[PDB]
>>> print(open('query_39.txt').read())   # compact mmCIF, C-alpha atoms (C1' of nucleotides)
# COMPACT_ATOMS: atom_id res chain seq x y z
CA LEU A 725 -7.32 10.70 -43.16
CA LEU A 726 -7.79 10.21 -39.42
CA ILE A 727 -8.08 13.06 -36.91
CA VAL A 728 -7.76 12.03 -33.25
CA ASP A 729 -8.73 15.07 -31.16
CA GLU A 730 -7.70 15.16 -27.50
CA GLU A 731 -5.52 12.07 -27.78
CA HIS A 732 -4.50 12.15 -24.10
CA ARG A 733 -7.80 10.49 -23.06
CA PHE A 734 -7.57 7.33 -25.21
CA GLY A 735 -4.53 5.16 -24.48
CA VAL A 736 -2.21 3.32 -26.82
CA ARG A 737 -4.70 0.59 -27.77
CA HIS A 738 -7.43 2.95 -28.97
CA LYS A 739 -4.88 5.01 -30.93
CA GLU A 740 -3.43 2.12 -33.00
CA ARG A 741 -6.68 0.14 -33.22
CA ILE A 742 -7.67 1.98 -36.41
CA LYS A 743 -4.05 2.24 -37.54
CA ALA A 744 -3.80 -1.56 -37.69
CA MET A 745 -6.71 -1.88 -40.15
CA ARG A 746 -5.75 0.97 -42.50
CA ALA A 747 -1.98 0.66 -42.28
CA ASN A 748 -1.13 3.79 -44.30
CA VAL A 749 -3.78 6.19 -43.01
CA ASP A 750 -2.52 9.72 -42.32
CA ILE A 751 -2.95 10.27 -38.58
CA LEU A 752 -3.48 13.91 -37.61
CA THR A 753 -3.37 14.33 -33.82
CA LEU A 754 -4.65 17.43 -32.01
CA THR A 755 -4.17 18.10 -28.29
CA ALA A 756 -3.12 20.70 -25.72
CA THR A 757 -1.41 18.60 -23.02
CA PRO A 758 0.00 15.37 -24.51
CA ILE A 759 0.47 12.37 -22.24
CA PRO A 760 4.22 11.93 -21.55
CA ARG A 761 4.67 8.91 -23.84
CA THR A 762 3.47 10.62 -27.02
CA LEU A 763 5.19 13.87 -25.99
CA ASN A 764 8.56 12.13 -25.74
CA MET A 765 7.71 10.27 -28.95
CA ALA A 766 7.16 13.62 -30.69
CA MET A 767 10.22 15.35 -29.23
CA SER A 768 12.41 12.36 -30.20
CA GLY A 769 11.48 12.62 -33.89
CA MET A 770 9.19 9.59 -34.13
CA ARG A 771 6.31 11.97 -34.86
CA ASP A 772 6.32 15.47 -36.31
CA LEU A 773 5.50 18.30 -33.91
CA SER A 774 3.68 21.61 -34.34
CA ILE A 775 3.38 24.12 -31.49
CA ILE A 776 0.62 26.76 -31.51
CA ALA A 777 1.35 29.16 -28.61
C1' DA B 1 -68.82 -2.44 -26.97
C1' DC B 2 -65.49 -6.08 -24.73
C1' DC B 3 -61.31 -8.35 -24.61
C1' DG B 4 -56.82 -10.64 -25.26
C1' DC B 5 -53.12 -9.24 -27.72
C1' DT B 6 -48.85 -5.94 -29.53
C1' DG B 7 -46.15 -2.40 -29.10
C1' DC B 8 -44.14 1.91 -27.12
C1' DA B 9 -42.03 3.41 -23.28
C1' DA B 10 -39.77 2.57 -18.17
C1' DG B 11 -36.58 0.27 -15.16
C1' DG B 12 -31.82 -0.18 -14.74
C1' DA B 13 -27.17 -3.65 -13.89
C1' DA B 14 -22.07 -5.31 -15.35
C1' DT B 15 -17.29 -4.16 -17.93
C1' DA B 16 -13.10 -1.04 -20.69
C1' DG B 17 -10.41 1.95 -19.79
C1' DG B 18 -8.03 6.51 -18.61
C1' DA B 19 -7.70 8.78 -13.43
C1' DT B 20 -6.54 9.29 -8.33
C1' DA B 21 -5.33 8.03 -4.49
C1' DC B 22 -5.15 4.21 -0.83
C1' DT B 23 -2.77 0.04 1.27
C1' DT B 24 0.84 -2.74 2.03
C1' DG B 25 4.71 -6.08 1.38
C1' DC B 26 8.98 -6.02 1.69
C1' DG B 27 14.14 -5.78 1.96
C1' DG B 28 17.82 -3.51 2.34
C1' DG B 29 19.88 -0.77 5.21
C1' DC B 30 20.18 1.08 9.64
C1' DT B 31 20.87 0.83 15.83
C1' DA B 32 21.80 -1.50 20.42
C1' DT B 33 18.30 -15.15 34.21
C1' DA B 34 22.90 -20.28 37.28
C1' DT B 35 23.03 -24.37 39.71
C1' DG B 36 28.87 -31.96 38.13
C1' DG B 37 36.42 -29.12 39.91
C1' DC B 38 39.86 -29.15 43.17
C1' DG B 39 43.92 -27.27 45.69
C1' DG B 40 46.42 -23.51 47.64
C1' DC B 41 46.74 -19.23 49.71
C1' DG B 42 46.38 -14.72 51.43
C1' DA B 43 43.59 -11.46 52.75
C1' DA B 44 39.35 -10.19 55.17
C1' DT B 45 36.39 -10.61 58.84
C1' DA B 46 34.59 -13.22 63.78
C1' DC B 47 35.30 -13.96 68.15
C1' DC B 48 36.17 -14.47 72.96
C1' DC B 49 39.22 -13.60 75.77
>>> encode(input="query_39.txt", output="structure tokens")
Amino acid sequence: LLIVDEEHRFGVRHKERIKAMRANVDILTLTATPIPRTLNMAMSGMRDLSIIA
DNA sequence: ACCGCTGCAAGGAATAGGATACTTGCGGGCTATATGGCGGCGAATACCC
């Protein structure tokens, strides 16, 4: 299990750096204002989404 | 009971990379000052009576 908190301050490289080593790790991602790339990626179905408002 | 040594602090530069805004390089898409040709003719001045 990985838990990247406040993902919008890392960049793509830092986010998949650990993913490359452990290919099948379960990435949990917490944030409040996602950077547009990962927000579109979530809204397009690539990643599951959960809204807490 | 003096002294050279060791060790525990002090003193910070250069990059990665996500930001934020500057700086400009450009390309398409616009606006805006002579000196080697005559011949003929009719009309417009000049003039000196």
>>> interface_residues(input="query_39.txt", of="chain B", to="chain A", cutoff="10 Å", atoms="all atoms listed in the file", output="CSV table (one decimal) with C-alpha atoms (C1' of nucleotides), in the frame of the given file")
chain,number,residue,atom,x,y,z
B,17,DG,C1',-10.4,2.0,-19.8
B,18,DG,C1',-8.0,6.5,-18.6
B,19,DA,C1',-7.7,8.8,-13.4
>>> residues_near_point(input="query_39.txt", point="(0.8, 24.5, -30.4)", cutoff="10 Å", atoms="all atoms listed in the file", output="PDB file with C-alpha atoms, in the frame of the given file")
ATOM      1  CA  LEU A 754      -4.650  17.430 -32.010  1.00  0.00           C
ATOM      2  CA  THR A 755      -4.170  18.100 -28.290  1.00  0.00           C
ATOM      3  CA  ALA A 756      -3.120  20.700 -25.720  1.00  0.00           C
ATOM      4  CA  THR A 757      -1.410  18.600 -23.020  1.00  0.00           C
ATOM      5  CA  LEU A 773       5.500  18.300 -33.910  1.00  0.00           C
ATOM      6  CA  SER A 774       3.680  21.610 -34.340  1.00  0.00           C
ATOM      7  CA  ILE A 775       3.380  24.120 -31.490  1.00  0.00           C
ATOM      8  CA  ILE A 776       0.620  26.760 -31.510  1.00  0.00           C
ATOM      9  CA  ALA A 777       1.350  29.160 -28.610  1.00  0.00           C
TER      10      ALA A 777
END
>>> atom_distance(input="query_39.txt", atom1="atom CA of residue A:746", atom2="atom CA of residue A:760")
25.7 Å
>>> atom_distance(input="query_39.txt", atom1="atom CA of residue A:759", atom2="atom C1' of residue B:24")
28.6 Å
>>> atom_distance(input="query_39.txt", atom1="atom CA of residue A:741", atom2="atom CA of residue A:726")
11.9 Å
